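Engineer: Quick one: the structure is below, questions incoming.
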Amino acid sequence: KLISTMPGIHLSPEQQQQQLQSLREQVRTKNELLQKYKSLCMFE
Amino acid sequence: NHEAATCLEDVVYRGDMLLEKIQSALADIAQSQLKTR
Amino acid sequence: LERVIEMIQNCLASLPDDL
């Protein structure tokens with residue numbers, strides 16, 4: 001049972017949800033910025 | 001010399017516009033990267 | 001000016017290849 005307390009999770013599941021949502025928003029905004037500069041040419 | 005002056009002015013104007021655009025773009029990238037933190 | 005333009009272009013040519 002101690003060896004199955006080892007795994008790798010320690011935060012409350014609310015904190016896991018907060019981390020997952022924040023990281024989802026991060027990947028969204030970074031992909032949106034990179035797509036903006038994919039589409040935008042400052043020159044003609 | 002007048003004609004060469006206006007020609008130099010035109011090429012400087014195009015370069016200035018392109019520089020201001022790339023400068024503002026780099027500033028926006030820096031703002032996004034600092035806001036993500 | 002030309003060099004700067006093509007420089008910007010190839011970096012833009014790099015970025016959808018990351019996307």
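In the structure tokens, the first chain shown is A, the next is B, and so on; residue numbers restart at 1 for each chain, and ligands run from 1 in the order shown.
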List the neighbours of residue 16 (chain C) out to 10 Å using only C-alpha atoms; skip same-chain residues closer than 3 positions along the sequence, and give me the result as a list in words.
Structural biologist: residues 34, 35, 37, 38 and 39 of chain A; 11, 12, 13 and 19 of chain C
Engineer: Please save N, CA and C atoms of the selected residues as a JSON list (two decimals), in the first residue's frame.
Structural biologist:
[["chain", "number", "residue", "atom", "x", "y", "z"],
["A", 34, "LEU", "N", 0.76, 31.98, -32.91],
["A", 34, "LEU", "CA", 1.56, 31.46, -34.01],
["A", 34, "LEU", "C", 0.76, 31.41, -35.30],
["A", 35, "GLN", "N", -0.55, 31.20, -35.21],
["A", 35, "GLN", "CA", -1.38, 31.25, -36.40],
["A", 35, "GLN", "C", -1.55, 32.68, -36.90],
["A", 37, "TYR", "N", 0.73, 35.01, -36.71],
["A", 37, "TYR", "CA", 1.94, 35.38, -37.43],
["A", 37, "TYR", "C", 2.19, 34.47, -38.63],
["A", 38, "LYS", "N", 1.51, 33.32, -38.68],
["A", 38, "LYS", "CA", 1.45, 32.56, -39.93],
["A", 38, "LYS", "C", 0.71, 33.34, -40.99],
["A", 39, "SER", "N", -0.44, 33.90, -40.63],
["A", 39, "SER", "CA", -1.27, 34.60, -41.59],
["A", 39, "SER", "C", -0.77, 36.00, -41.91],
["C", 11, "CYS", "N", 11.59, 33.17, -42.43],
["C", 11, "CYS", "CA", 11.17, 32.90, -41.06],
["C", 11, "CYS", "C", 9.68, 32.66, -41.02],
["C", 12, "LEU", "N", 8.93, 33.41, -41.83],
["C", 12, "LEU", "CA", 7.52, 33.10, -41.99],
["C", 12, "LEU", "C", 7.36, 31.76, -42.67],
["C", 13, "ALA", "N", 8.29, 31.42, -43.58],
["C", 13, "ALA", "CA", 8.24, 30.12, -44.23],
["C", 13, "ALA", "C", 8.58, 29.01, -43.24],
["C", 19, "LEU", "N", 3.80, 24.78, -37.37],
["C", 19, "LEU", "CA", 2.37, 24.58, -37.14],
["C", 19, "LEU", "C", 1.81, 23.43, -37.96]]
Engineer: Could you list, as a PyMOL selection string, every residue of chain C that has an atom within 12 Å of an atom of chain B, counting only C-alpha atoms?
Structural biologist: chain C and resi 1-5+7-9
Engineer: Kindly export the residues of the current selection with C-alpha atoms, as a PDB file, in the first residue's frame.
Structural biologist:
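part34.pdb was written with the following content:
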ATOM      1  CA  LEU C   1      15.834  46.153 -47.544  1.00  0.00           C
ATOM      2  CA  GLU C   2      15.683  43.177 -49.901  1.00  0.00           C
ATOM      3  CA  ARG C   3      17.663  41.013 -47.523  1.00  0.00           C
ATOM      4  CA  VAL C   4      15.447  41.957 -44.597  1.00  0.00           C
ATOM      5  CA  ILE C   5      12.360  41.133 -46.645  1.00  0.00           C
ATOM      6  CA  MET C   7      14.787  37.104 -44.122  1.00  0.00           C
ATOM      7  CA  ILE C   8      11.300  37.800 -42.786  1.00  0.00           C
ATOM      8  CA  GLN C   9       9.893  35.626 -45.555  1.00  0.00           C
TER       9      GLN C   9
END
Engineer: If we count only C-alpha atoms, which residues of chain B reach to within 10 Å of chain A? Please list them as a PyMOL selection string.
Structural biologist: chain B and resi 14+17-25+28-29+32-33+36-37
Engineer: Got time to write the residues from that selection, N, CA, C and O atoms, as a PDB file, in the first residue's frame?
Structural biologist:
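Written file, part_9.pdb:
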ATOM      1  N   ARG B  14       9.782  53.541 -47.553  1.00  0.00           N
ATOM      2  CA  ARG B  14       9.371  52.135 -47.573  1.00  0.00           C
ATOM      3  C   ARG B  14      10.050  51.336 -46.464  1.00  0.00           C
ATOM      4  O   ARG B  14       9.395  50.535 -45.770  1.00  0.00           O
ATOM      5  N   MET B  17       8.427  52.189 -43.013  1.00  0.00           N
ATOM      6  CA  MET B  17       7.142  51.534 -42.783  1.00  0.00           C
ATOM      7  C   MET B  17       7.330  50.066 -42.431  1.00  0.00           C
ATOM      8  O   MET B  17       6.709  49.561 -41.478  1.00  0.00           O
ATOM      9  N   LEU B  18       8.209  49.378 -43.169  1.00  0.00           N
ATOM     10  CA  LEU B  18       8.458  47.969 -42.886  1.00  0.00           C
ATOM     11  C   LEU B  18       9.069  47.777 -41.501  1.00  0.00           C
ATOM     12  O   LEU B  18       8.713  46.830 -40.780  1.00  0.00           O
ATOM     13  N   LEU B  19       9.932  48.707 -41.091  1.00  0.00           N
ATOM     14  CA  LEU B  19      10.573  48.601 -39.787  1.00  0.00           C
ATOM     15  C   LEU B  19       9.585  48.811 -38.661  1.00  0.00           C
ATOM     16  O   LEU B  19       9.644  48.120 -37.637  1.00  0.00           O
ATOM     17  N   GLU B  20       8.673  49.766 -38.822  1.00  0.00           N
ATOM     18  CA  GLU B  20       7.689  50.004 -37.776  1.00  0.00           C
ATOM     19  C   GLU B  20       6.735  48.826 -37.638  1.00  0.00           C
ATOM     20  O   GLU B  20       6.355  48.451 -36.515  1.00  0.00           O
ATOM     21  N   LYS B  21       6.400  48.180 -38.761  1.00  0.00           N
ATOM     22  CA  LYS B  21       5.533  47.008 -38.694  1.00  0.00           C
ATOM     23  C   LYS B  21       6.205  45.839 -37.984  1.00  0.00           C
ATOM     24  O   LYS B  21       5.597  45.214 -37.101  1.00  0.00           O
ATOM     25  N   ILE B  22       7.464  45.531 -38.335  1.00  0.00           N
ATOM     26  CA  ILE B  22       8.127  44.385 -37.704  1.00  0.00           C
ATOM     27  C   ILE B  22       8.421  44.684 -36.239  1.00  0.00           C
ATOM     28  O   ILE B  22       8.352  43.790 -35.379  1.00  0.00           O
ATOM     29  N   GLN B  23       8.653  45.956 -35.915  1.00  0.00           N
ATOM     30  CA  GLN B  23       8.901  46.346 -34.536  1.00  0.00           C
ATOM     31  C   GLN B  23       7.665  46.137 -33.675  1.00  0.00           C
ATOM     32  O   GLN B  23       7.754  45.574 -32.573  1.00  0.00           O
ATOM     33  N   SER B  24       6.497  46.552 -34.180  1.00  0.00           N
ATOM     34  CA  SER B  24       5.260  46.368 -33.427  1.00  0.00           C
ATOM     35  C   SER B  24       4.907  44.897 -33.288  1.00  0.00           C
ATOM     36  O   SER B  24       4.393  44.473 -32.244  1.00  0.00           O
ATOM     37  N   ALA B  25       5.194  44.101 -34.324  1.00  0.00           N
ATOM     38  CA  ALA B  25       4.947  42.667 -34.240  1.00  0.00           C
ATOM     39  C   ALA B  25       5.803  42.020 -33.164  1.00  0.00           C
ATOM     40  O   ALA B  25       5.305  41.205 -32.374  1.00  0.00           O
ATOM     41  N   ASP B  28       4.454  42.797 -29.774  1.00  0.00           N
ATOM     42  CA  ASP B  28       3.273  42.018 -29.412  1.00  0.00           C
ATOM     43  C   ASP B  28       3.641  40.600 -29.005  1.00  0.00           C
ATOM     44  O   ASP B  28       3.028  40.037 -28.085  1.00  0.00           O
ATOM     45  N   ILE B  29       4.634  40.004 -29.679  1.00  0.00           N
ATOM     46  CA  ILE B  29       5.123  38.687 -29.266  1.00  0.00           C
ATOM     47  C   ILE B  29       5.684  38.746 -27.853  1.00  0.00           C
ATOM     48  O   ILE B  29       5.430  37.851 -27.031  1.00  0.00           O
ATOM     49  N   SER B  32       2.818  38.984 -25.299  1.00  0.00           N
ATOM     50  CA  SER B  32       2.144  37.707 -25.106  1.00  0.00           C
ATOM     51  C   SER B  32       2.987  36.755 -24.275  1.00  0.00           C
ATOM     52  O   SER B  32       2.470  36.057 -23.392  1.00  0.00           O
ATOM     53  N   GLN B  33       4.292  36.708 -24.548  1.00  0.00           N
ATOM     54  CA  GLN B  33       5.158  35.793 -23.821  1.00  0.00           C
ATOM     55  C   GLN B  33       5.302  36.204 -22.363  1.00  0.00           C
ATOM     56  O   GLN B  33       5.430  35.352 -21.480  1.00  0.00           O
ATOM     57  N   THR B  36       1.811  35.251 -20.626  1.00  0.00           N
ATOM     58  CA  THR B  36       1.678  33.827 -20.319  1.00  0.00           C
ATOM     59  C   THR B  36       2.473  33.461 -19.075  1.00  0.00           C
ATOM     60  O   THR B  36       1.983  32.713 -18.219  1.00  0.00           O
ATOM     61  N   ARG B  37       3.696  33.980 -18.967  1.00  0.00           N
ATOM     62  CA  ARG B  37       4.564  33.880 -17.790  1.00  0.00           C
ATOM     63  C   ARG B  37       4.860  32.449 -17.339  1.00  0.00           C
ATOM     64  O   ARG B  37       4.183  31.915 -16.460  1.00  0.00           O
TER      65      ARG B  37
END
Engineer: Please indicate the distance in Å from CA of residue 23 (chain A) to CA of residue 27 (chain B), rounded to one decimal place.
Structural biologist: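 If I compute the distance from CA of residue 23 (chain A) to CA of residue 27 (chain B), I get 23.5 Å.
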Engineer: Record the distance separating CA of residue 36 (chain A) and CA of residue 31 (chain B), expressed in Å with one decimal.
Structural biologist: 14.3 Å
Engineer: Do you have the CA of residue 7 (chain A)-CA of residue 20 (chain A) distance handy?
Structural biologist: 18.5 Å
Engineer: Return as a list in words the full set of residues in chain A whose backbone-based DSSP assignment is alpha helix (DSSP H).
Structural biologist: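 Output for chain A, alpha helix (DSSP H) only: residues 13, 14, 15, 16, 17, 18, 19, 20, 21, 22, 23, 24, 25, 26, 27, 28, 29, 30, 31, 32, 33, 34, 35, 36, 37, 38 and 39 of chain A.
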